[PDB]
Every structure is written in structure tokens, then in C-alpha cells.
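Asker: First, the structure itself, so that you have it in front of you.
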There are 4 protein chains.
Amino acid sequence: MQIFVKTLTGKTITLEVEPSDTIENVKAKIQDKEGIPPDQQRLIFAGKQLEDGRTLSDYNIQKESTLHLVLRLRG
Amino acid sequence: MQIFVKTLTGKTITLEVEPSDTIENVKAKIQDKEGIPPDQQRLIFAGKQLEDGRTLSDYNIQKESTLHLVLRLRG
Amino acid sequence: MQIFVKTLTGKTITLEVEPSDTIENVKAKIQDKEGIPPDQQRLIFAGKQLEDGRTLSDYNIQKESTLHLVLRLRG
Amino acid sequence: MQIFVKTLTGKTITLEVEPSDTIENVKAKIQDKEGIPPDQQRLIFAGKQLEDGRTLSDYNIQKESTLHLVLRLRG
């Protein structure tokens, strides 16, 4: 299945994922596509920051769902 | 199976792959060999731009097939 | 299950892991969260240095256990 | 099983591996332990450079075998 990740300027990243993929896997795929390492990534769905160890289905993220990407800064 | 990845100068990278390998896997292997991360890579077969989440067999890419590698620039 | 990795100022990194995870996998997860590559990491449990090729269950590390993270320097 | 990776000054890296592990997997473990990425690594066993896609058993690499590590430079 396909989902989308959007930056805050509305730039979009298209991903191929499975419901059993962890949020961490999704971050790895974002790194694969954009060079942004997982530790610098926060993903948000329905206003909620998503935890690395949980799956997409845990958050009811289904096909064509849109996630939001923001940076994690040091400190 | 074995495939070749050619740069635009005709330089060749030899890879060992399975038809069920994703294009992303191939890019990982190119990184394993040349240090070029996946997000900087564009793979082309028969003039067709190749997507990370799909497999080699999805494109009918066969033994001794040649992919072409070009860089992805920012913006 | 969830474990905690503690830095020496008592800063905490929380991880979701399986007992069958290798120490190396844990290091990969720490890299996923903090950007610290595995080779720079030493993990300690009950005063004992943990080996990359071994599992968490090999060390009898269970849920809510605390590991300590230390740096590996050159030479 | 256990194998050894030796530099040309004879410093040793100890690895635990499977016969079904690829040469690339070993290079990944060498990166995990020393921070040297696979593309900069050449491994030598029995006077021959080892190809990433082969398994250890393809080269008849056995328990207590020692591989030799040399750098790959740009050309």
C-alpha cells in the first residue's frame, strides 16, 4: 500500500508500505528517498506524534493516508 | 540473478539480485559498493524511471539486464 | 517489550525490542533515535559489557530493564 | 559461528556469523563495529578478493577462518 508524507511546505513524499511496518521502517524509507536520517524525523498523524516501535495499523494508518513530517532538534 | 548498473560514462557495476528484490534493495547494493546513498540514486530501465517499492520482476527485468544510474539533485 | 537505555547523566532512551533482538539491533535502534552510530556505542547491563552478536535473552534482559550506554573511542 | 577479520598490521576483529551470511553482511558487521562502510572494504580469503553477494560457504569459509581487510580507494 501507498501512503504520503508531507513537509510543512506541502512537499510530498510517496511511500510503499505494509500495515505491519513500524513507524521506524517508514522513517527508514524517508531516509531512502530524501537522505534525512530517522533520528531527525518526527512523524504525525491526526495531530499525534507517532512512536517508532508501533505499526501503521496500530494508528489505523491505511492506504492513501497522509503523514506529516517535522524535524527533531538537539536538546 | 546478475544485472549491471551503468553510469553515463559506461562504467559498470555488477550486482547479484533476485527478481523479488525491490528497486530500493538494488540502490542499497549500489551504496554497499560505491558509497552513494539511495536518495541520490535514480535507476532507469528502457527509458522507464524506476520506483523504490516495486520489484525487479514488476518491470520484467531479466538476467544480465542493464540499469542506468543517474544522480538525483536537490529541488 | 520496552527497555531503557541510560546515558551517564541519567538521560533516557526508551526502546521497543524483542528478547530475540541482538545487542547490535539495539545499537541500530539507538542510532535510529539519536544518530549515534553503533560502532561508537558500548552497552552495559549489571556491570557487564554486551556483545554485538548476542541477544537480549542471552543476557536475560527482560522488560523494563535498564542498559547503560557508553562511548567507544578510537585506538 | 565465529570468524576473524584481520588488518594488514594484524589487528583483529572477531565476528559471529552464519555460513549463509553474504560477504556483504560481514562488511555490514565490520561497519557496525568499526564505522568503516562496506564500499571502502575489500575482504580477502585464500588469496582472493571476496564478492559481496556470495555466501561464506560459497567460498568455503569455515569456523575460525580469518579474512583480511584492505581498503578500497577511489578510481
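Numbering starts at 1 and runs along the chain as it is shown here.
Method on record in the header is X-ray crystallography, 2.3 Å.
Just so it is clear, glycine is given a Cβ too, placed from its N, Cα and C backbone atoms.
So Swiss-Prot has the following annotated:
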| type | residues | note |
| --- | --- | --- |
| CROSSLNK | C:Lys6 | ubiquitin cross-link |
| CROSSLNK | C:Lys11 | ubiquitin cross-link |
| CROSSLNK | C:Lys27 | ubiquitin cross-link |
| CROSSLNK | C:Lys29 | ubiquitin cross-link |
| CROSSLNK | C:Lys33 | ubiquitin cross-link |
| CROSSLNK | C:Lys48 | ubiquitin cross-link |
| CROSSLNK | C:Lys63 | ubiquitin cross-link |
| MOD_RES | C:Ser65 | phosphoserine |
| SITE | C:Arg54 | site 'Interacts with activating enzyme' |
| SITE | C:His68 | site 'Essential for function' |
| SITE | C:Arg72 | site 'Interacts with activating enzyme' |
Asker: Check the Cα-Cα distances from C:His68 (site 'Essential for function') to the recorded sites C:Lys6, C:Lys11, C:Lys29, C:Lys33, C:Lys48 and tell me which is shortest.
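Answerer: Closest by Cα: C:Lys6.
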Asker: Please identify, among the recorded positions C:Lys11, C:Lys48, C:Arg54, the one with the smallest Cα-Cα distance to C:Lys33 (ubiquitin cross-link).
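Answerer: Its closest listed neighbour, by Cα, is C:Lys11.
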Asker: Around C:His68 (site 'Essential for function'), how many other CB atoms lie within 10 A of its CB?
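Answerer: For C:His68 (site 'Essential for function'), the count of other Cβ atoms within 10 Å is 18.
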Asker: Return the recorded positions from the list C:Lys27, C:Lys33, C:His68 for which some CB of chain D is under 8 Å from the residue's own CB; sequence order; 'none' if the set is empty.
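Answerer: Sorted by position along the sequence, the hits are C:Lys27.
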Asker: Name the residues of the same chain, 6+ apart in sequence, whose Cβ is under 8 Å from the Cβ of C:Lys27 (ubiquitin cross-link)?
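Answerer: Sequence-distant Cβ neighbours: C:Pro38, C:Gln41, C:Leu43, C:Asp52.
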Asker: Please identify, among the recorded positions C:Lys6, C:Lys11, C:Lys29, C:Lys48, C:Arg72, the one with the smallest Cα-Cα distance to the residue listed as 'phosphoserine'.
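Answerer: Its closest listed neighbour, by Cα, is C:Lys6.
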Asker: Can you tell which of C:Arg54, C:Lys63 has the most other C-beta atoms within 10 Å, given these are the recorded positions?
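Answerer: Sorting the candidates by Cβ neighbours within 10 Å, the top entry is C:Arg54.
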Asker: So, in DSSP terms, is C:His68 (site 'Essential for function') helix, strand, or coil?
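Answerer: Note: C:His68 (site 'Essential for function') is in a strand by DSSP.
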Asker: Roughly how many angstrom lie between the C-alpha atoms of C:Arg54 (site 'Interacts with activating enzyme') and C:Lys48 (ubiquitin cross-link)?
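Answerer: Spelling it out, the Cα of C:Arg54 (site 'Interacts with activating enzyme') and the Cα of C:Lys48 (ubiquitin cross-link) are 13 Å apart.
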Asker: Check each of C:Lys6, C:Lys33, C:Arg54, C:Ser65 (the recorded positions) against chain A and write down, in sequence order, those whose C-beta lies under 8 A from a C-beta there; write 'none' if there are none.
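Answerer: So the ones by chain A are C:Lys33.
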Asker: Out of C:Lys11, C:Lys29, which has the highest number of nearby Cβ atoms, where nearby means within 10 Å of its Cβ, if these are the recorded sites?
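Answerer: It comes out as C:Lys29.
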Asker: Just checking, which of C:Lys6, C:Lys33, C:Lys48, C:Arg72 (recorded positions) has the fewest C-beta atoms within 10 Å of its C-beta?
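Answerer: Fewest other Cβ atoms within 10 Å, among the recorded positions C:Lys6, C:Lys33, C:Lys48, C:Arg72, is found for C:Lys48.
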